[PDB]
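J.: Just dropping this structure here.
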Number of protein chains: 12
Amino acid sequence: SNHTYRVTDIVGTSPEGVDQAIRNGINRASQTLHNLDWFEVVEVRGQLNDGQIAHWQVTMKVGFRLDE
Amino acid sequence: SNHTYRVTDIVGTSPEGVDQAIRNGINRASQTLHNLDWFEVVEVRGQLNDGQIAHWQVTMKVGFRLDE
Amino acid sequence: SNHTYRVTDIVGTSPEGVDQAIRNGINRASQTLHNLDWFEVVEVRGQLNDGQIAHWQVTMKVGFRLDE
Amino acid sequence: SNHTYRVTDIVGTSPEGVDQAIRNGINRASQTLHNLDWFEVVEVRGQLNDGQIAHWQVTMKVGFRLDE
Amino acid sequence: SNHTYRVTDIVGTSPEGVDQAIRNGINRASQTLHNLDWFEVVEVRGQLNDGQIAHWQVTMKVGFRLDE
Amino acid sequence: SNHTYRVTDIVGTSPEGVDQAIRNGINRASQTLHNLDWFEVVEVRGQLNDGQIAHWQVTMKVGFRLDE
Amino acid sequence: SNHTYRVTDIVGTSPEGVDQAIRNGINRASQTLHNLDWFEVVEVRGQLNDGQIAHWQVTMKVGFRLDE
Amino acid sequence: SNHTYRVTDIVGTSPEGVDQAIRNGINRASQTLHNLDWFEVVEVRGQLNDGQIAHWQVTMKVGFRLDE
Amino acid sequence: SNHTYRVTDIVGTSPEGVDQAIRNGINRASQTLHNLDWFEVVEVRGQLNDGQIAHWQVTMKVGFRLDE
Amino acid sequence: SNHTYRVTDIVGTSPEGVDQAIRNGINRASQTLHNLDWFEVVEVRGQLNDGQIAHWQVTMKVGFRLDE
Amino acid sequence: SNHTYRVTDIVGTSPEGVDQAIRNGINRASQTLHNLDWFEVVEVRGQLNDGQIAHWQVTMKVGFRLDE
Amino acid sequence: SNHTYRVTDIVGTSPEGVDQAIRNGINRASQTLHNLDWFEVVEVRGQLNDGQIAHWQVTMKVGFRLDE
């Protein structure tokens with residue numbers, strides 16, 4: 001009822017696409033941040049090599065509960 | 001001719017992903033709002049549950065013709 | 001004293017210009033929405049054909065008093 | 001789980017303050033819009049007269065479930 | 001008639017809260033600026049001191065009619 | 001070369017349209033502000049009465065040279 | 001089909017007004033950029049000179065098809 | 001010394017209102033983050049439960065001095 | 001060491017989805033623009049027909065190294 | 001006392017650079033506006049003259065205490 | 001008087017600082033783009049390595065006159 | 001590989017200027033945050049004291065690689 005959350009930005013990356021970039025970022029975030037509650041996608045970027053998409057980079061706001 | 005459009009925000013949700021969240025939102029919107037012309041994705045959120053991405057929420061601007 | 005307003009987006013269009021696009025949008029909006037109080041221009045676009053301006057499109061926030 | 005929400009802007013007003021302006025807006029909105037789920041305060045204004053605050057105006061994003 | 005308004009930013013402050021910070025700012029503004037018409041809240045800040053909220057600072061757009 | 005400018009917001013109004021609202025605002029501003037150099041249109045609003053545009057309100061950033 | 005567009009910013013200018021500033025900008029843009037599809041007005045500025053509005057400057061996003 | 005600050009987002013919650021949501025968030029933040037200096041309110045949200053306000057959520061930028 | 005980049009907006013389109021809209025836009029952009037380095041998604045739209053998604057349109061900032 | 005601040009925009013200019021443009025603007029502002037407390041840089045522009053940087057313009061929010 | 005300008009984004013880089021990053025970008029831009037008139041700094045970034053600033057990156061809006 | 005980054009805000013301060021404020025912030029940040037990759041300048045402020053610029057405050061987004 002009086003829960004407090006903290007939000008930081010995490011950047012997930014994947015050669016495969018936006019969806020996998022998000023999962024990679026959330027998976028890695030979950031290991032150092034406990035109580036991950038939600039994320040909001042705030043930016044989608046790509047690294048190009050020739051005219052080909054080499055890396056997808058997804059910036060997410062990530063909310064997590066502070067312990068009580 | 002001189003078509004007039006209205007725009008409101010709709011939030012589509014799905015356990016499955018962004019794509020299905022959008023289709024669910026558009027399908028349900030289409031049943032009360034007629035002449036849907038376009039949508040603009042404005043926000044993508046996810047709820048985590050049991051260490052999984054449980055729910056996707058996509059906020060869309062949805063434009064519809066007033067005229068038929 | 002404690003009046004409540006609602007705001008939606010309306011897109012007016014006109015071959016003539018910005019001013020007529022707004023009037024067309026307000027006139028058409030006034031026929032389904034009652035008690036129109038104000039509008040705020042949020043976007044002005046033009047559709048070009050053969051490098052000439054065919055259509056003006058003006059997106060407006062439109063506020064209206066809710067009845068009782 | 002596959003619920004769809006719609007969001008519009010509602011402006012509550014009160015001579016008394018921000019809090020009462022919000023409650024007035026939500027109360028009146030709840031009478032035409034069913035299944036009100038959340039609101040987000042987006043703007044707080046005042047009408048001034050003789051260097052005194054006569055009216056508070058609070059613009060809120062208001063989300064409501066579409067029936068199923 | 002064809003009234004003209006000017007708008008500047010005013011920062012009200014109070015140890016007590018947002019509401020009193022606004023009133024303090026408007027009261028002090030009204031003494032040098034005549035014909036105050038409206039304000040729009042643009043920013044709410046707080047200074048923490050000894051692990052307590054010591055000051056609230058509210059930035060407001062303040063509109064006033066120019067004399068004729 | 002080392003000229004300093006100040007910028008404030010002025011709201012011009014006219015029953016006739018955007019262009020006349022701007023001229024009315026600039027004319028009235030020029031009487032109390034000296035050395036008016038430029039303006040930038042930042043907002044266009046209207047007061048509606050029935051479904052008819054009664055007043056146009058144009059907010060302008062207005063720059064003026066400080067004397068030396 | 002799967003048309004690709006490019007968008008750049010163009011600033012049209014005119015002593016006469018906003019409308020002519022836009023036409024001047026679009027006309028000149030159309031001579032190096034082919035397949036102009038749309039423009040979005042993003043900024044309207046005016047230079048004052050000799051107590052008159054001397055120059056209008058309109059910044060437009062201009063979209064053009066790559067394809068013909 | 002040339003003091004360095006860090007800023008994160010914290011979400012305070014309260015059934016009671018905005019003011020208490022802020023205090024709850026700041027109090028809880030102060031227990032893991034040392035040397036809290038300031039906060040800026042960036043979002044105020046409310047959960048409705050059968051058309052009554054159940055829960056307030058306030059997102060704040062929170063600045064704190066890094067030790068030396 | 002002192003590389004210079006340029007950035008323009010590109011709109012990719014696809015009947016298939018966001019991912020393919022981006023690839024189509026990047027592929028076509030790479031044929032007139034050399035040394036594509038990165039892209040940033042700035043807008044995702046869909047054109048609806050009979051309340052079904054016909055076309056995805058993705059606006060991207062696209063950065064490319066200038067030659068010597 | 002509960003101090004009240006006013007904020008206006010000032011544009012400082014210098015042939016030399018950003019830093020000197022700011023100091024010129026603040027110095028000149030300090031002569032008509034009393035009790036200058038803070039500034040926030042909001043825009044940095046440069047005029048080119050045959051492909052060399054001739055003039056810097058820095059727009060700043062400037063806060064000053066109102067007397068009591 | 002009826003001059004038309006075009007604006008694109010250019011990213012200058014330098015190991016030395018913001019000022020040199022801008023000059024590098026403007027110098028290189030001036031070689032392919034003729035009639036450079038102004039720039040507006042829109043973003044300043046750094047590449048960090050071993051907690052040290054290796055590269056400065058400055059994104060600038062750059063305006064240039066189209067030939068007549 | 002599929003590197004994950006985190007981003008927080010850091011405020012560097014210096015009596016000397018923007019450049020030194022950034023370096024002070026990055027240096028102090030590097031001592032608690034490992035694997036600093038980039039920063040983005042988001043805000044530049046100055047405190048005025050005795051009619052002089054006493055402190056520069058630069059807010060930066062700071063990205064760092066998460067360990068694996």
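Residue numbers start at 1 in each chain; chains themselves are named A, B, ... in the order of the structure tokens; ligands are numbered from 1 in the order shown.
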Taking every C-alpha atom in sequence order, what RMSD separates chain K from chain L after the best least-squares fit?
T.: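 So the superposition leaves a C-alpha RMSD of 0.5 Å.
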J.: Excluding region 35-41 of chain C and residues on its chain fewer than 6 positions from it, collect all residues at most 10 Å away from it, counting only C-alpha atoms, and give them as an NGL selection string.
T.: (:C and (5-11 or 22 or 26 or 29 or 58-67)) or (:F and (43-58))
J.: Work out how far apart CA of residue 12 (chain I) and CA of residue 4 (chain B) are and give it in Å to one decimal.
T.: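 Pair CA of residue 12 (chain I) / CA of residue 4 (chain B) returns 26.7 Å.
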J.: Step one, run DSSP on the backbone; step two, keep only residues of chain H assigned to helix (DSSP H, G or I); then write them as a PDB file with N, CA and C atoms, in the first residue's frame.
T.:
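Written out: out16.pdb:
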ATOM      1  N   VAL H  18      -0.971  13.145  -2.492  1.00  0.00           N
ATOM      2  CA  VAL H  18       0.295  13.488  -3.186  1.00  0.00           C
ATOM      3  C   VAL H  18       1.371  13.754  -2.130  1.00  0.00           C
ATOM      4  N   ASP H  19       1.068  14.629  -1.162  1.00  0.00           N
ATOM      5  CA  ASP H  19       2.021  15.099  -0.123  1.00  0.00           C
ATOM      6  C   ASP H  19       2.572  13.890   0.637  1.00  0.00           C
ATOM      7  N   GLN H  20       1.709  12.974   1.070  1.00  0.00           N
ATOM      8  CA  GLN H  20       2.119  11.802   1.888  1.00  0.00           C
ATOM      9  C   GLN H  20       2.891  10.804   0.999  1.00  0.00           C
ATOM     10  N   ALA H  21       2.506  10.662  -0.275  1.00  0.00           N
ATOM     11  CA  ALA H  21       3.195   9.793  -1.258  1.00  0.00           C
ATOM     12  C   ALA H  21       4.651  10.253  -1.382  1.00  0.00           C
ATOM     13  N   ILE H  22       4.861  11.566  -1.460  1.00  0.00           N
ATOM     14  CA  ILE H  22       6.213  12.179  -1.563  1.00  0.00           C
ATOM     15  C   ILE H  22       7.002  11.851  -0.292  1.00  0.00           C
ATOM     16  N   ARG H  23       6.428  12.103   0.884  1.00  0.00           N
ATOM     17  CA  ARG H  23       7.127  11.917   2.189  1.00  0.00           C
ATOM     18  C   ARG H  23       7.484  10.445   2.344  1.00  0.00           C
ATOM     19  N   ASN H  24       6.552   9.532   2.033  1.00  0.00           N
ATOM     20  CA  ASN H  24       6.809   8.072   2.114  1.00  0.00           C
ATOM     21  C   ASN H  24       8.001   7.727   1.232  1.00  0.00           C
ATOM     22  N   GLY H  25       8.033   8.243   0.003  1.00  0.00           N
ATOM     23  CA  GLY H  25       9.106   7.940  -0.961  1.00  0.00           C
ATOM     24  C   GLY H  25      10.434   8.469  -0.469  1.00  0.00           C
ATOM     25  N   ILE H  26      10.455   9.709   0.012  1.00  0.00           N
ATOM     26  CA  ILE H  26      11.701  10.375   0.486  1.00  0.00           C
ATOM     27  C   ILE H  26      12.228   9.636   1.725  1.00  0.00           C
ATOM     28  N   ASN H  27      11.351   9.354   2.692  1.00  0.00           N
ATOM     29  CA  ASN H  27      11.692   8.624   3.947  1.00  0.00           C
ATOM     30  C   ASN H  27      12.324   7.287   3.572  1.00  0.00           C
ATOM     31  N   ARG H  28      11.674   6.501   2.719  1.00  0.00           N
ATOM     32  CA  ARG H  28      12.178   5.154   2.350  1.00  0.00           C
ATOM     33  C   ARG H  28      13.487   5.308   1.568  1.00  0.00           C
ATOM     34  N   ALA H  29      13.577   6.267   0.646  1.00  0.00           N
ATOM     35  CA  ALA H  29      14.799   6.507  -0.154  1.00  0.00           C
ATOM     36  C   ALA H  29      15.969   6.823   0.784  1.00  0.00           C
ATOM     37  N   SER H  30      15.755   7.671   1.794  1.00  0.00           N
ATOM     38  CA  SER H  30      16.783   8.147   2.758  1.00  0.00           C
ATOM     39  C   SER H  30      17.467   6.984   3.492  1.00  0.00           C
ATOM     40  N   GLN H  31      16.840   5.810   3.550  1.00  0.00           N
ATOM     41  CA  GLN H  31      17.337   4.660   4.348  1.00  0.00           C
ATOM     42  C   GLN H  31      18.406   3.874   3.577  1.00  0.00           C
ATOM     43  N   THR H  32      18.384   3.858   2.241  1.00  0.00           N
ATOM     44  CA  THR H  32      19.427   3.181   1.424  1.00  0.00           C
ATOM     45  C   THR H  32      20.337   4.217   0.761  1.00  0.00           C
TER      46      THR H  32
END
J.: Would you list, as JSON, numbers by chain, the residues of chain H that end up in strand (DSSP E or B) under DSSP run on this structure's backbone?
T.: {"H": [5, 6, 7, 8, 9, 10, 11, 12, 13, 14, 36, 37, 38, 39, 40, 41, 42, 43, 44, 45, 46, 47, 48, 49, 52, 53, 54, 55, 56, 57, 58, 59, 60, 61, 62, 63, 64, 65]}
J.: In Å to one decimal, how far is CA of residue 17 (chain J) from CA of residue 1 (chain K)?
T.: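 Separation of CA of residue 1 (chain K) and CA of residue 17 (chain J): 28.8 Å.
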J.: To one decimal place, how far is CA of residue 68 (chain G) from CA of residue 33 (chain I) in Å?
T.: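 Spanning CA of residue 68 (chain G) to CA of residue 33 (chain I) is a straight-line distance of 16.4 Å.
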